[PDB]
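K.L.:
sequence-free structure coming up:
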Ligand SMILES: Nc1ncnc2c1ncn2[C@@H]1O[C@H](COP(=O)(O)OP(=O)(O)OP(O)(O)=S)[C@@H](O)[C@H]1O
Ligand SMILES: [Mg+2]
Ligand SMILES: [Zn+2]
Ligand SMILES: [Zn+2]
């Protein structure tokens, strides 16, 4: 987690190496309260970055467990770049850029049963339509 | 490592 | 709520334009001259800036004098002032003798010449001047911190807007009146 | 045999005293004149009563000691006079070891003149002079008491050290490698105490009545109540009212110099004839020009950028050690919260692997340079490096400044 | 219901801050397994389970750790003191 400083996608050393765009790794630079780190990411993470619409200066959040990229918001550093703009300005993350935390949760078995019965995954039209439906209890 | 060899040759308050 | 049908004229309508109604070299030179003006200590020394700035930056003096808008120090009277100051000092014990090196010492101890003369003096070589003034300044990293804009009147940042007349920033009705009455330059 | 005499020839005040002495003296090197023409010399400026429009003349035009007449005058006043300075008396100068200081970038001809006068007009037995950053590594030789703060949490000299010398003229970034500064990485930040005073002049002249001629008044105002934002400019602006202070204007019948009051703290009532100036935003917005020169409409880069460039020009292997051993000194550093902000802002830009350790001396930071210089003067390194009078006489005038002292040897 | 959208946004924003922090990804820990029947095959899944590469990770970790043990033997008494030598700082950086 941190504020994006660089985003430099690189192509393969040879055009024949891959298919189509032939996009190789992407280099991202994140800044935190304790310093900066330059990361080397898979092209899937680059696609996620593009999907979340992340530009230089935005505070982001990457989970190495799952590869999920979240856009926390814009850094307070660029708060006064424009006098009128709709951006949720957020402060720079504390601590190091790369923080490892142990998460403990208390969940009932019924929670797992409900999660399996009515999973929230999927971005299809059918998935969203099912999400809108009422959650009737089932045997 | 070679940079350390270069660094060691720097003047050390002498001439 | 929303108009699903909109009337457009082919000649007039275009998405590139939406409208509805009822540093340059001179700029950086002016800013640097303002900084040097603000640097000096004595007010009487204010109109002596242009010569020093021409010597330092290297631009011609007439250009900085005319285009840029702002806002010979020692005499025998200085020697008399030094003589008056002698009364405080207590314990000297002098003696001298004459030689060529002593003549050079006398010339140094009676210079009464300004830094402008030294900088303009041909004895200071080109690379020496470069290292003494230009090389010590930053040349690669020009701005790494974020750019912060504040109210021109009170330095506030909560709300910012640019005045219609000259394009400078204000923050409130009181600052608006203050700028209009005293700070607005272009009107 | 005699202990060496150590002098810090600053452009604003001169610190001097015998090496045996614990703390040095002060000498505000400036010949001043009042409105009516009466003149004052050096420390006698403190005795002025009509503080309104006194004019200061100094030999250091822009950090370079040009006018030698008054420089010699103030040297004579500071050294020879034993009455004012606690009985210390430099009798004849001959047979006295002198270690001095100078601006780190002095013109070769100007340094030639300086060496010539200091050697032949005064006839010292031996001399060593260099910028204060050269003497800084010798903090290893003595048990100093300097507080240090790390940016990653809430054989008589150190080989690697980085010195930030923020004084009257300019703020210097001088990285020293085993004693000799890497003069290619020397960077000058034009912002300094003199510019800070001028900025306070302009801000107080606009926000309040015209103080454009009250130079000593604004200097004392800067002295008493100023600070860098502990966190950020926005944080201080949010709490501008809570940390507000009011300054008592001078009353010629009672106090020639003003003083500051804390409105929140309980204190004596002011007499009704006293005019008061409130400070709510100029307390912190003025020191912020070190980090954000754009606030005061200055195109020059800030201190963090200068430090980053100085690190960049350094050799790659040594730059992390240089980051870790950054030490602060100079007059400006005594204002509160400057060291902490410098450490935090520097750490925010460096790679996470590196850690920055910032050490600033306690007490008046101006006296630190003299202290380290004197402690160096009493070491074998000073005995080796000093140049003797006869050795200077053997060579031409340019030889000393081109080989043993000036940057021309290390460039 | 258009007038109630602001209330919905406010409530969702209020709840998200607590929701996001202390949750365990049940999908990551294979506690959710009802989507796997759609895109996965039994024999492929069992082959991938058999073809896991834990041994390579363990052997590489042990190799790096024994290299670190040799480096610590060469270095001696490691410390985090302020660095005054290129060799010492470089070796400490290599260790970290
Ligand atoms: N408490 C203080 N708060 C703010 N500024 C201060 C304070 N005390 C002293 N100063 C300033 O610090 C400076 C002291 O001068 P020095 O640091 O000794 O520079 P100098 O060495 O005399 O001259 P140089 O080295 O050629 S820049 C002056 O500009 C003072 O105004
Ligand atoms: Mg100094
Ligand atoms: Zn305002
Ligand atoms: Zn305007």
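P.N.:
Structure received. Numbers count the residues shown, from 1 in each chain, chains lettered A, B, ... in the order given. Ligands and ions are numbered 1, 2, ... in the order given.

K.L.:
Quick check: residues of chain A near chain E?
P.N.:
Proximity of chain A to chain E (CB under 8 Å from any CB of the partner chain) is limited to residues A:65-66, A:103-105, A:107, A:112, A:115-117, A:119, A:121-122. To be clear about C-beta, it is placed using only N, CA and C from the backbone, and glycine gets the same treatment.

K.L.:
Please list the members of these that lie in strands.
P.N.:
Nothing among those maps onto strands, per DSSP state E.

K.L.:
In chain D, what residue lies closest to ligand 3?
P.N.:
Closest approach between chain D and ligand 3, counting by CB to the ion: residue D:281, at 9.8 Å.

K.L.:
so which two of the residues of chain A next to chain E are the farthest from each other?
P.N.:
Maximum pairwise distance in the residues of chain A next to chain E, criterion CB to CB, is 28.3 Å, between A:104 and A:122.

K.L.:
okay, those two: which has more neighbours?
P.N.:
residue A:122 (13 against 6; other CB atoms under 10 Å in any protein chain shown).

K.L.:
phi, psi of the more buried one?
P.N.:
phi 100, psi 140 (degrees, to the nearest 10).

K.L.:
Around chain D, which positions in chain B sit nearby?
P.N.:
Residues of chain B lying near chain D (CB under 8 Å from any CB): B:3, B:4, B:6, B:7, B:10, B:11, B:12, B:13.

K.L.:
quick one: which of these is nearest to chain E?
P.N.:
Nearest to chain E among the residues of chain B next to chain D, counting by CB to the nearest CB, is residue B:4 at 5.3 Å.

K.L.:
State the helix or strand in which residue C:129 lies.
P.N.:
Assessed by DSSP states H and E, residue C:129 sits inside helix C:126-129.

K.L.:
go on, residue E:65?
P.N.:
With DSSP H and E as the test, residue E:65 turns up in helix E:54-75.

K.L.:
Now do the helices in chain A.
P.N.:
Secondary structure of chain A by DSSP state H: the helices cover A:43-51, A:109-117, A:125-132.

K.L.:
for residue 97, what are its contacts?
P.N.:
In the absence of a named chain, this looks at chain A. By CB atoms under 8 Å, 6 or more residues apart in numbering or on different chains, residue A:97 lies in contact with A:1, A:2, A:30, A:31, A:32, A:34, A:35, A:36, A:37, D:352.

K.L.:
oops, chain D please
P.N.:
By CB under 8 Å, 6+ apart, the contact list for residue D:97 reads D:2, D:3, D:4, D:5, D:124, D:125, D:126, D:127, D:377, D:386.

K.L.:
Distance check, the fourth one against residue D:86.
P.N.:
Applying CB to CB, to the nearest Å, one obtains 15 Å for the distance of residue D:5 from residue D:86.

K.L.:
could you check whether the helix or strand encompassing residue D:348 is close to ligand 1?
P.N.:
Assigned by DSSP H and E, residue D:348 falls within helix D:338-349. No. With CB under 6 Å from any ligand atom as the criterion, ligand 1 is not reached by helix D:338-349; the gap is at least 9.2 Å.

K.L.:
tell me the angle of the helix or strand following that helix relative to helix D:338-349?
P.N.:
Where DSSP H and E defines the elements, the next helix or strand beyond helix D:338-349 is strand D:357-361. Counting by axes from the mean of the first three to the mean of the last three CA atoms, to 10 degrees, strand D:357-361 lies at 170 degrees to helix D:338-349.

K.L.:
Which residue is the nearest non-sequential neighbour of residue D:326?
P.N.:
Nearest residue to residue D:326 in three dimensions, chain neighbours excluded: residue D:162, at 4.4 Å (CB to CB, 6 or more residues apart in numbering or on different chains).

K.L.:
Revised request: answer the last question for residue D:126.
P.N.:
Closest residue to residue D:126 apart from its sequence neighbours, by CB to CB, 6+ apart: residue D:386 at 4.4 Å.

K.L.:
now do residue C:140
P.N.:
That would be residue D:309: by CB to CB, 6+ apart, it lies 5.8 Å from residue C:140.

K.L.:
Spell out which residues of chain C are next to chain A.
P.N.:
Within chain C, the residues that sit near chain A (CB under 8 Å from any CB) are C:145, C:146, C:147, C:148, C:149, C:150, C:157, C:159, C:160, C:161, C:162, C:169.

K.L.:
out of those, which one sits closest to chain E?
P.N.:
Chain E lies nearest to residue C:159 out of the residues of chain C next to chain A, by CB to the nearest CB, at 22.8 Å.

K.L.:
show me what contacts the closest one?
P.N.:
Contacts for residue C:159 were tallied using CB under 8 Å, 6+ apart; they are A:83, C:171, C:172.

K.L.:
for residue D:50, same thing?
P.N.:
Applying CB under 8 Å, 6+ apart, we find residue D:50 in contact with D:34, D:35.

K.L.:
circling back: state the phi and psi torsions of the residue nearest to residue C:140.
P.N.:
Taking degrees, to the nearest 10 as the convention, residue D:309 sits at phi -70, psi -40.
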